[PDB]
>>> print(open('work33.pdb').read())   # PDB, C-alpha atoms (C1' of nucleotides)
ATOM      1  CA  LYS A   2       0.000   0.000   0.000  1.00  0.00           C
ATOM      2  CA  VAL A   3       1.417   3.339   1.173  1.00  0.00           C
ATOM      3  CA  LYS A   4       2.329   2.801   4.815  1.00  0.00           C
ATOM      4  CA  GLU A   5       4.858  -0.002   4.350  1.00  0.00           C
ATOM      5  CA  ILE A   6       7.054   2.450   2.433  1.00  0.00           C
ATOM      6  CA  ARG A   7       7.384   4.755   5.443  1.00  0.00           C
ATOM      7  CA  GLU A   8       8.953   1.991   7.549  1.00  0.00           C
ATOM      8  CA  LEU A   9      12.222   1.496   5.668  1.00  0.00           C
ATOM      9  CA  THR A  10      15.368   3.600   5.717  1.00  0.00           C
ATOM     10  CA  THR A  11      16.810   5.460   2.753  1.00  0.00           C
ATOM     11  CA  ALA A  12      18.936   2.450   1.801  1.00  0.00           C
ATOM     12  CA  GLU A  13      15.941   0.169   1.297  1.00  0.00           C
ATOM     13  CA  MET A  14      14.257   3.036  -0.541  1.00  0.00           C
ATOM     14  CA  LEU A  15      16.915   3.203  -3.246  1.00  0.00           C
ATOM     15  CA  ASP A  16      17.036  -0.591  -3.287  1.00  0.00           C
ATOM     16  CA  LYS A  17      13.354  -0.939  -4.075  1.00  0.00           C
ATOM     17  CA  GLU A  18      13.736   1.885  -6.574  1.00  0.00           C
ATOM     18  CA  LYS A  19      16.286  -0.007  -8.643  1.00  0.00           C
ATOM     19  CA  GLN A  20      14.299  -3.215  -8.298  1.00  0.00           C
ATOM     20  CA  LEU A  21      11.168  -1.582  -9.684  1.00  0.00           C
ATOM     21  CA  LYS A  22      13.281  -0.107 -12.473  1.00  0.00           C
ATOM     22  CA  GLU A  23      14.455  -3.552 -13.527  1.00  0.00           C
ATOM     23  CA  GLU A  24      10.931  -4.919 -13.347  1.00  0.00           C
ATOM     24  CA  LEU A  25       9.764  -2.102 -15.588  1.00  0.00           C
ATOM     25  CA  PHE A  26      12.456  -2.930 -18.131  1.00  0.00           C
ATOM     26  CA  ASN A  27      11.339  -6.554 -18.210  1.00  0.00           C
ATOM     27  CA  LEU A  28       7.686  -5.609 -18.572  1.00  0.00           C
ATOM     28  CA  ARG A  29       8.662  -3.347 -21.459  1.00  0.00           C
ATOM     29  CA  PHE A  30      10.494  -6.053 -23.363  1.00  0.00           C
ATOM     30  CA  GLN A  31       7.914  -8.763 -22.743  1.00  0.00           C
ATOM     31  CA  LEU A  32       5.298  -6.398 -24.109  1.00  0.00           C
ATOM     32  CA  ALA A  33       6.821  -6.304 -27.576  1.00  0.00           C
ATOM     33  CA  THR A  34       6.968 -10.086 -27.945  1.00  0.00           C
ATOM     34  CA  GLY A  35       3.329 -11.039 -27.431  1.00  0.00           C
ATOM     35  CA  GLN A  36       3.148 -11.876 -23.729  1.00  0.00           C
ATOM     36  CA  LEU A  37       2.069 -10.300 -20.433  1.00  0.00           C
ATOM     37  CA  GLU A  38      -1.392 -11.564 -19.620  1.00  0.00           C
ATOM     38  CA  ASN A  39      -1.662  -8.974 -16.816  1.00  0.00           C
ATOM     39  CA  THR A  40      -0.762  -5.654 -18.394  1.00  0.00           C
ATOM     40  CA  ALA A  41      -2.371  -3.667 -15.623  1.00  0.00           C
ATOM     41  CA  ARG A  42       0.890  -3.918 -13.715  1.00  0.00           C
ATOM     42  CA  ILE A  43       2.572  -1.349 -15.957  1.00  0.00           C
ATOM     43  CA  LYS A  44       0.639   1.246 -13.983  1.00  0.00           C
ATOM     44  CA  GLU A  45       1.378  -0.179 -10.554  1.00  0.00           C
ATOM     45  CA  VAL A  46       5.130  -0.102 -10.955  1.00  0.00           C
ATOM     46  CA  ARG A  47       5.313   3.480 -12.162  1.00  0.00           C
ATOM     47  CA  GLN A  48       2.929   4.646  -9.447  1.00  0.00           C
ATOM     48  CA  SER A  49       4.882   2.808  -6.768  1.00  0.00           C
ATOM     49  CA  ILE A  50       8.096   4.425  -7.960  1.00  0.00           C
ATOM     50  CA  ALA A  51       6.300   7.748  -7.741  1.00  0.00           C
ATOM     51  CA  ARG A  52       5.214   7.110  -4.169  1.00  0.00           C
ATOM     52  CA  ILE A  53       8.674   6.039  -3.070  1.00  0.00           C
ATOM     53  CA  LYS A  54      10.225   9.126  -4.625  1.00  0.00           C
ATOM     54  CA  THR A  55       7.824  11.633  -3.079  1.00  0.00           C
ATOM     55  CA  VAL A  56       7.962  10.034   0.358  1.00  0.00           C
ATOM     56  CA  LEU A  57      11.715  10.314   0.016  1.00  0.00           C
ATOM     57  CA  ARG A  58      11.297  13.970  -0.880  1.00  0.00           C
ATOM     58  CA  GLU A  59       9.278  14.917   2.184  1.00  0.00           C
ATOM     59  CA  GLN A  60      11.889  13.455   4.535  1.00  0.00           C
ATOM     60  CA  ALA A  61      14.927  15.092   2.919  1.00  0.00           C
ATOM     61  CA  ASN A  62      13.629  18.595   3.587  1.00  0.00           C
TER      62      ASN A  62
ATOM     63  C1'   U B   1     -73.809   0.239-113.048  1.00  0.00           C
ATOM     64  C1'   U B   2     -72.691   5.253-114.377  1.00  0.00           C
ATOM     65  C1'   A B   3     -73.010  10.628-112.871  1.00  0.00           C
ATOM     66  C1'   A B   4     -73.131  14.867-109.551  1.00  0.00           C
ATOM     67  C1'   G B   5     -72.678  16.347-104.613  1.00  0.00           C
ATOM     68  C1'   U B   6     -71.703  15.659 -99.309  1.00  0.00           C
ATOM     69  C1'   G B   7     -68.195  13.401 -96.128  1.00  0.00           C
ATOM     70  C1'   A B   8     -67.186  10.751 -90.597  1.00  0.00           C
ATOM     71  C1'   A B   9     -62.976   7.955 -87.957  1.00  0.00           C
ATOM     72  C1'   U B  10     -57.537   6.498 -86.782  1.00  0.00           C
ATOM     73  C1'   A B  11     -51.617  10.730 -84.017  1.00  0.00           C
ATOM     74  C1'   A B  12     -44.777   9.911 -85.802  1.00  0.00           C
ATOM     75  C1'   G B  13     -45.586  13.649 -82.010  1.00  0.00           C
ATOM     76  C1'   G B  14     -47.927  17.969 -79.089  1.00  0.00           C
ATOM     77  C1'   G B  15     -51.658  20.951 -75.803  1.00  0.00           C
ATOM     78  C1'   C B  16     -55.187  21.177 -71.047  1.00  0.00           C
ATOM     79  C1'   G B  17     -56.999  18.982 -66.663  1.00  0.00           C
ATOM     80  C1'   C B  18     -56.587  15.131 -63.357  1.00  0.00           C
ATOM     81  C1'   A B  19     -53.749  11.177 -60.536  1.00  0.00           C
ATOM     82  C1'   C B  20     -48.830   9.115 -58.675  1.00  0.00           C
ATOM     83  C1'   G B  21     -43.529   9.276 -57.961  1.00  0.00           C
ATOM     84  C1'   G B  22     -38.187  11.622 -58.191  1.00  0.00           C
ATOM     85  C1'   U B  23     -34.615  15.338 -57.219  1.00  0.00           C
ATOM     86  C1'   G B  24     -34.384  20.204 -53.469  1.00  0.00           C
ATOM     87  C1'   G B  25     -34.572  21.576 -48.731  1.00  0.00           C
ATOM     88  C1'   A B  26     -38.700  26.395 -47.853  1.00  0.00           C
ATOM     89  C1'   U B  27     -41.845  26.333 -44.121  1.00  0.00           C
ATOM     90  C1'   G B  28     -44.034  24.471 -38.718  1.00  0.00           C
ATOM     91  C1'   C B  29     -42.194  22.999 -34.057  1.00  0.00           C
ATOM     92  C1'   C B  30     -37.370  22.307 -31.010  1.00  0.00           C
ATOM     93  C1'   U B  31     -32.352  23.761 -28.442  1.00  0.00           C
ATOM     94  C1'   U B  32     -26.737  21.575 -27.093  1.00  0.00           C
ATOM     95  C1'   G B  33     -24.975  28.334 -28.296  1.00  0.00           C
ATOM     96  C1'   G B  34     -25.369  33.777 -28.417  1.00  0.00           C
ATOM     97  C1'   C B  35     -26.759  39.228 -27.416  1.00  0.00           C
ATOM     98  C1'   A B  36     -27.701  43.394 -23.674  1.00  0.00           C
ATOM     99  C1'   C B  37     -27.616  44.161 -18.827  1.00  0.00           C
ATOM    100  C1'   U B  38     -28.238  43.876 -12.861  1.00  0.00           C
ATOM    101  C1'   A B  39     -25.879  42.741  -7.810  1.00  0.00           C
ATOM    102  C1'   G B  40     -21.309  40.960  -5.668  1.00  0.00           C
ATOM    103  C1'   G B  41     -15.800  39.358  -5.909  1.00  0.00           C
ATOM    104  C1'   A B  42     -11.627  40.602  -8.389  1.00  0.00           C
ATOM    105  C1'   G B  43      -8.434  44.336 -10.936  1.00  0.00           C
ATOM    106  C1'   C B  44      -2.086  42.303 -12.548  1.00  0.00           C
ATOM    107  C1'   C B  45       1.732  38.312 -14.180  1.00  0.00           C
ATOM    108  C1'   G B  46       7.194  38.071 -14.398  1.00  0.00           C
ATOM    109  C1'   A B  47      15.360  36.301 -13.381  1.00  0.00           C
ATOM    110  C1'   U B  48      12.247  31.308  -7.796  1.00  0.00           C
ATOM    111  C1'   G B  49      12.144  32.245 -15.552  1.00  0.00           C
ATOM    112  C1'   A B  50       6.186  34.874 -17.258  1.00  0.00           C
ATOM    113  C1'   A B  51       2.021  35.131 -21.657  1.00  0.00           C
ATOM    114  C1'   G B  52       2.138  31.782 -25.600  1.00  0.00           C
ATOM    115  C1'   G B  53       3.831  27.425 -27.532  1.00  0.00           C
ATOM    116  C1'   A B  54       6.903  22.622 -29.612  1.00  0.00           C
ATOM    117  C1'   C B  55       7.666  17.546 -28.180  1.00  0.00           C
ATOM    118  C1'   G B  56       5.857  13.658 -25.429  1.00  0.00           C
ATOM    119  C1'   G B  57       2.355  10.397 -21.629  1.00  0.00           C
ATOM    120  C1'   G B  58      -2.537   5.220 -22.330  1.00  0.00           C
ATOM    121  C1'   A B  59      -3.388  -2.248 -24.178  1.00  0.00           C
ATOM    122  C1'   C B  60      -4.948  -0.377 -28.646  1.00  0.00           C
ATOM    123  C1'   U B  61      -3.613   6.430 -30.101  1.00  0.00           C
ATOM    124  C1'   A B  62      -5.486   9.786 -35.835  1.00  0.00           C
ATOM    125  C1'   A B  63      -7.614  14.120 -33.085  1.00  0.00           C
ATOM    126  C1'   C B  64      -9.639  17.030 -28.564  1.00  0.00           C
ATOM    127  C1'   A B  65      -9.164  17.470 -23.657  1.00  0.00           C
ATOM    128  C1'   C B  66      -5.764  16.662 -18.641  1.00  0.00           C
ATOM    129  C1'   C B  67      -0.886  15.730 -17.484  1.00  0.00           C
ATOM    130  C1'   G B  68       4.801  16.326 -17.772  1.00  0.00           C
ATOM    131  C1'   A B  69      10.698  11.677 -17.615  1.00  0.00           C
ATOM    132  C1'   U B  70       7.109  11.002 -10.414  1.00  0.00           C
ATOM    133  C1'   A B  71       3.665  12.338 -17.549  1.00  0.00           C
ATOM    134  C1'   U B  72      -4.643   9.726 -18.465  1.00  0.00           C
ATOM    135  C1'   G B  73      -0.853  11.220 -12.593  1.00  0.00           C
ATOM    136  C1'   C B  74       2.287  11.587  -6.264  1.00  0.00           C
ATOM    137  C1'   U B  75       1.344  13.412  -0.677  1.00  0.00           C
ATOM    138  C1'   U B  76      -2.002  15.437   3.109  1.00  0.00           C
ATOM    139  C1'   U B  77      -6.588  17.595   5.295  1.00  0.00           C
ATOM    140  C1'   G B  78     -12.129  17.807   5.072  1.00  0.00           C
ATOM    141  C1'   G B  79     -16.728  16.159   2.098  1.00  0.00           C
ATOM    142  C1'   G B  80     -19.264  11.296   0.115  1.00  0.00           C
ATOM    143  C1'   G B  81     -20.941   5.952   0.688  1.00  0.00           C
TER     144        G B  81
END
>>> encode(input="work33.pdb", output="structure tokens")
Amino acid sequence: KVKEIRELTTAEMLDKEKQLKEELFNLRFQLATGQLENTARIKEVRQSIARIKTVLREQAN
RNA sequence: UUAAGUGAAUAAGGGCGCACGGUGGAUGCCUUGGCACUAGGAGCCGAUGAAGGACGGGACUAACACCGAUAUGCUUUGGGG
């Protein structure tokens, strides 16, 4: 959801950031080659990256 | 039978009236926009980068809207069920 993000330190924040990046790259490729039953995840990953970034923003000033 | 005289009707096509269609959108009714004002708010925006724009953002994306690499959306405080 939203609250589990607030628990982790800045290290885990950047970790999950890079992990979501990689997942987005894989979703991108597997789009072009006729796959990905559940395409509604291409929203979730971008929105989660957004949430992580803003929550990071509010802490660092 | 001869002779003299009289002489109707038919339409290649056209006129008039009637009856039935075809093109064309007047007229009848109607409003999704306008016009002129009344009362009240408001009367500036900009080097923290303006007005206005180009390019992009969706499973599909040609356009219009909204958005901006956090891109058809992020956080929080109230409403709603």
>>> residues_around(input="work33.pdb", residues="residue A:25", least_positions_apart="5", cutoff="9 Å", atoms="all atoms listed in the file", output="NGL selection string")
:A and (20 or 30 or 43 or 46-47)
>>> closest_residue(input="work33.pdb", among="A:2, A:8, A:19, A:14", to="residue A:53", atoms="only C-alpha atoms")
A:14
>>> resolve_selection(input="work33.pdb", expression="the PyMOL selection byres ((chain B) within 9 of (chain A))", output="ChimeraX atom specification")
/B:59,70,73-75
>>> atom_distance(input="work33.pdb", atom1="atom CA of residue A:34", atom2="atom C1' of residue B:56")
23.9 Å
>>> atom_distance(input="work33.pdb", atom1="atom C1' of residue B:57", atom2="atom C1' of residue B:69")
9.3 Å
